[PDB]
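Visitor: Sequence first, structure after; it's an experimental one.
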There are 4 protein chains.
Amino acid sequence: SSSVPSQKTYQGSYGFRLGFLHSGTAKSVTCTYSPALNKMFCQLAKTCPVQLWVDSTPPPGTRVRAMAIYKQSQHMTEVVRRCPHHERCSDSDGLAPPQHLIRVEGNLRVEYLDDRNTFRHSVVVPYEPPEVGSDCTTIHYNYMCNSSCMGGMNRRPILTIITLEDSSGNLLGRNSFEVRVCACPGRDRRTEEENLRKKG
Amino acid sequence: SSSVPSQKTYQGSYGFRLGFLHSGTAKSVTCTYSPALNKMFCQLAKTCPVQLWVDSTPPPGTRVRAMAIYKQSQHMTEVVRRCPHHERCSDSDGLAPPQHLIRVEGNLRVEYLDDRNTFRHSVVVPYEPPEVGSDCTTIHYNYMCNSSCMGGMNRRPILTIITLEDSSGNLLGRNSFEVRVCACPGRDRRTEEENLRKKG
Amino acid sequence: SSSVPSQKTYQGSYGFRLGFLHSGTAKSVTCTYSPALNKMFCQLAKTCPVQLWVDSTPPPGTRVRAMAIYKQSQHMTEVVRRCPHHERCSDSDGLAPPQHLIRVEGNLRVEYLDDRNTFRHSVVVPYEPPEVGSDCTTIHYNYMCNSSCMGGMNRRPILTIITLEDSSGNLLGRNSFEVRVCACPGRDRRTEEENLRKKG
Amino acid sequence: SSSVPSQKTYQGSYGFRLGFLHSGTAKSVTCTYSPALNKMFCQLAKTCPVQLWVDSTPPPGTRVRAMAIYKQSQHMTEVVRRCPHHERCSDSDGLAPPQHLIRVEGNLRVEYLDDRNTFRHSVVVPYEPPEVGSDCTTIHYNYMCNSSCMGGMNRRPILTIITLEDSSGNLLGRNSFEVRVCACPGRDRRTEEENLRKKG
DNA sequence: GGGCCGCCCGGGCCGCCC
DNA sequence: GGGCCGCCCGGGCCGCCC
Ligand SMILES: [Zn+2]
Ligand SMILES: [Zn+2]
Ligand SMILES: [Zn+2]
Ligand SMILES: [Zn+2]
């Protein structure tokens, strides 16, 4: 069986999709999302709000998992991890293992997992339905390396795969988006969108 | 579950809303409220009158809680607290813990709380209905740091979240407003309203 | 007896004077010295090289002490200390008490002292004569607060007093210089020198 | 006493000086030396031949030590070491500790040392006099990180300090040169020499 | 050899003195 | 009320792809 998790969109029977805030492209905005590229541009260790939208209410005990894979076929089989420099940084919140790229902040029930067969990292929180009058629930993710980090992602693009899973382990829905963690998200989003228009 | 309290307005079945006095924008007025920005501008440790308005009378034992959160997504998970300088100031009224930003003055039944899971501070008083002939009840809040304080809010905007809660802990209503604690509330309100008009 | 150490220059029988490197006034240079003002401009926690020049060799066991006092008569009696914010910072090198403003880096025999009568802080290293062919010895000082720090120096200028002391405690020589610890030493040096010329 | 080794040239009673090969400035030459800058430009882990020249023959048991320090006063006190990424690389020759920046290749009597007081690294070989008819002896040094390495030198220039020491520990001579380890030594030497001419 | 991403840089934007 | 210091900001400056 494959050791590479699927990235295939599966909005499923609950109508699961992601949403992202409108942030603009000021040069050093902390986080911004390109709909044309389905790509988040964000700064190291800065809050990245991701909205969970469903048409139908998931069952009690549903979980939300996030995991990173390399986007390019050439690198898919390599586990996405923090680089050695940032791994040794004294920046752990007391729960995230220092090797994990993706953290969740602001959640009292976060779980960090290492797959015993694929060695891949993931971070899980319970799914909570929106407040009355609200249409979505927001998770604050953090990416703890730049895409460029030597000895880590080393300029290779990643996908974040968000899965909605019931307590039994059934896949209720899947979505994914590309991530670039970089110093100047607004500059780099504009550059990549312009290159898409000019040369894509 | 989230460690960030919701800011979502919930005027609820009792028709709960806040009111603020008309104060003007003389440069150093002690407290002034901008309806356009839903924002209070006030000076450190000065009285900030907040009115509670309801259409229907809350049940006996209802309580009024105030808590601060950072407004920006990037800072929401950080607990709002006093800076180290003002924390060591001998300005405690004998009841407020020195780390708490928000105090209530002039109430014999004030309670200061530290959440055992989120570590967030709040201050609670009993809800009292208006006097006959009066349409609202007023609480005098104090903010014990400037928004700019180094090692505390450090120029980051906060929201104050006011909740009306029954004795059992049900949320009866919720309102919130932005706060800037600053040396010159009248100047800064005018500046922010003008920037809204010109560049918002 | 006075609790304020003397600032009076005493170059003494060994011909003791200080020297400073030529650094220029690029806006954010880390450290720069104004001869006209006898004033060092430097950034928080950045190396400040100070040269010790003597005409005659001090005796074995000579010590070099540095201490800060407020320059203005109105503040001389207050002990110069780190502000509460930086005092709680996890920036101690394992030897300097967190309250001390002045540190010495790169010396295996540094001693930090608190005066039991005046409560004033000082930092001492052994005097070592220059290498053959060299005319001076250099100490790397660090200032661990900005001059502007709220709850610390709070925009008040300080003097650093450097004393050459024999092992018995005799004062062999004294020199002093003004210090401004600031974000932009080059800007601020130029500003202060221009104000001296225009308005001094 | 200082934890920073002296860089002061001391050609001494044996007339000790260094020599470097003429290599040119082809863009990616592996190693090239700028006399104007007293600076070696070389690639990671590539051979850097350094010549030892003496006028008088050192005594038996003389040793040659190489050590790196940061050139800028602001960084002198920090120990120069390999970055975390290259430290975990399986590139050890069986003798050099993985944390050491400077290695010697091609010598059966190399010794790697960690100073118990300063924690600084050095690498030592016995001094051997030139062959009859030869005027110098050559040591092949290797630098195991780029000057730019994140978490290591991080774009900060270093000096290599070469000391000639007798077996008793007397300093017989000292020389030093700046090093830049980089991808394109020929480009970067030309750039730095041109900037010296134009803006130095 | 030509040329394409983190960070440095001078310009300019909130408590307190007058 | 007028006006005088830390930090944000867009412009632009080294390993690696071609
Ligand atoms: Zn990293
Ligand atoms: Zn404060
Ligand atoms: Zn301070
Ligand atoms: Zn390296």
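Guide: Structure's in. What do you need? Numbers count the residues shown, from 1 in each chain, chains lettered A, B, ... in the order given. Ligands and ions are numbered 1, 2, ... in the order given.
Visitor: So which residue is smack in the middle of chain A?
Guide: For chain A, the residue nearest the mean C-alpha position is residue A:160 (3.7 Å; CA atoms, centre = their mean).
Visitor: residues in contact with the helix of greatest length in chain A?
Guide: Longest helix in chain A, counting residues (DSSP state H): helix A:185-199. For helix A:185-199, the external contacting residues (CB atoms under 8 Å, 6 or more residues apart in numbering or on different chains) are A:24-32, A:34, A:36-37, A:39, A:41-43, A:180, A:182. In this view, the C-beta of every residue, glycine as well, is placed from N, C-alpha and C.
Visitor: Can you give me the buried ones in that helix?
Guide: A:185, A:186, A:187, A:188, A:189, A:190, A:192, A:193 (16 or more other CB atoms under 10 Å in any protein chain shown).
Visitor: Ok, stretch A:179-186 next?
Guide: A:179, A:180, A:181, A:182, A:184, A:185, A:186.
Visitor: Closest one of those residues to ligand 1?
Guide: residue A:181 (8.8 Å; CB to the ion).
Visitor: before we move on, back to that, name whatever forms a beta bridge with the residue nearest to the centre of chain A.
Guide: Note on residue A:160: beta-bridge partners residue A:68, residue A:177, judged by DSSP bridges.
Visitor: ranges for the strands of chain A?
Guide: A:17-19, A:31-34, A:39-42, A:48-53, A:63-70, A:102-105, A:111-114, A:121-126, A:137-143, A:158-165, A:171-181 (DSSP state E).
Visitor: So which bits of the first one are buried?
Guide: For strand A:17-19, the neighbour count (16+ other CB under 10 Å) marks A:17, A:18 as buried.
Visitor: who does that strand touch, helix- and strand-wise?
Guide: strand A:48-53, strand A:171-181 (3 or more CB pairs under 8 Å, 6 or more residues apart in numbering or on different chains; DSSP states H and E).
Visitor: Hmm, residue A:142 is touching residue A:100, no?
Guide: No. If you go by CB atoms under 8 Å, residue A:142 and residue A:100 don't touch, sitting 10.0 Å apart.
Visitor: Is the nearest residue to residue A:31 once chain neighbours are set aside bridged to anything, and to what?
Guide: Using CB to CB, 6 or more residues apart in numbering or on different chains and skipping the chain neighbours, the partner closest in space to residue A:31 is residue A:42 (4.1 Å). Note on residue A:42: beta-bridge partners by DSSP bridges are residue A:31, residue A:181.
Visitor: Could you do residue A:103 as well?
Guide: residue A:142.
Visitor: check contacts around it.
Guide: By CB under 8 Å, 6+ apart, the residues touching residue A:103 are A:93, A:96, A:110, A:123, A:141, A:142, A:144.
Visitor: hmm, which of those are the buried ones?
Guide: A:96, A:110, A:123, A:141, A:142, A:144.
Visitor: what's the closest of the residues you listed to chain D?
Guide: residue A:144 (14.1 Å; CB to the nearest CB).
Visitor: follow-up on the earlier one: closest to residue A:5 out of the helices and strands packed on strand A:17-19?
Guide: Nearest to residue A:5 among the helices and strands packed on strand A:17-19 is strand A:171-181; the distance by CB to CB comes to 9.0 Å.
Visitor: Show me what counts as buried in the closest one.
Guide: A:172, A:173, A:174, A:175, A:176, A:177, A:178, A:179, A:180, A:181.
Visitor: quick one: residue A:142 from chain C, how far?
Guide: 21 Å (CB to the nearest CB, to the nearest Å).
Visitor: Give me the distance between that residue and ligand 4.
Guide: Distance of residue A:142 to ligand 4, computed by CB to the ion, to the nearest Å: 26 Å.
Visitor: Could you do residue A:150 as well?
Guide: 8 Å.
Visitor: Counting neighbours, what do you get for that residue?
Guide: For residue A:150, the neighbour count with other CB atoms under 10 Å in any protein chain shown is 22.
Visitor: Let me see the contact set for the closest residue to DNA strand F within chain A.
Guide: Nearest residue of chain A to DNA strand F: residue A:27, at 3.6 Å (CB to the nearest atom of the strand). Residues in contact with residue A:27, defined by CB under 8 Å, 6+ apart, are A:184, A:186, A:187.
Visitor: re earlier: what subset of the buried residues of helix A:185-199 is also close to DNA strand E?
Guide: Contacts with DNA strand E within those, counted by CB under 7 Å from any atom of the strand: residue A:188.
Visitor: right, and the pair among the buried residues of helix A:185-199 with maximum separation?
Guide: A:185 and A:193, at 12.1 Å, using CB to CB across those.
Visitor: related to what we said a few turns ago, and the strands of chain A, which is most packed in?
Guide: Among the strands of chain A, strand A:39-42 has the highest mean neighbour count (mean count of other CB atoms under 10 Å in any protein chain shown), at a mean of 24.
Visitor: Please list the outside residues in contact with it.
Guide: Applying CB under 8 Å, 6+ apart, the external contacts of strand A:39-42 come out as A:20, A:30-34, A:48, A:143, A:160, A:177-182, A:185-186, A:188-189, A:192.
Visitor: try 10 Å this time
Guide: Outside strand A:39-42, the residues within contact range by CB atoms under 10 Å, 6 or more residues apart in numbering or on different chains are A:18, A:20, A:23, A:25, A:29-34, A:48, A:50, A:71, A:141-143, A:146-147, A:157, A:159-160, A:177-182, A:184-193.
Visitor: which one is residue A:137 nearest to, not counting chain neighbours?
Guide: residue A:52 (4.8 Å).
Visitor: these two touch, right, that neighbour and residue A:162?
Guide: Yes. Between residue A:52 and residue A:162 there is a contact at 7.7 Å, judged by CB atoms under 10 Å.
Visitor: Mutual contacts of those two, please.
Guide: With CB under 10 Å, 6+ apart, residue A:52 and residue A:162 have common neighbours A:16, A:17, A:18, A:64, A:139, A:173, A:175.
Visitor: which of these lies closest to residue B:81?
Guide: Closest approach between those and residue B:81, by CB to CB: residue A:139, at 24.5 Å.
Visitor: Next up, the contacts around whichever residue of chain A sits closest to chain C.
Guide: Nearest residue of chain A to chain C (CB to the nearest CB) works out as residue A:90 at 8.5 Å. Applying CB under 10 Å, 6+ apart to residue A:90 gives the contacts A:98, C:90.
Visitor: Quick check: buried residues in stretch A:18-27?
Guide: So stretch A:18-27, judged by 16+ other CB under 10 Å, has buried residues A:18, A:20, A:23, A:25.
Visitor: now for those, which pair is the farthest apart?
Guide: Pairwise over the buried residues of stretch A:18-27, using CB to CB, the maximum falls at A:18 and A:25, 19.7 Å.
Visitor: Correct me if wrong: residue A:80 contacts residue A:102.
Guide: Yes. Look at residue A:80 against residue A:102 with CB under 10 Å: they come within range, at 8.5 Å.
Visitor: Identify the contacts common to those two.
Guide: With CB under 10 Å, 6+ apart as the test, residue A:80 and residue A:102 both reach A:67, A:68, A:121, A:145, A:158, A:160, A:179.
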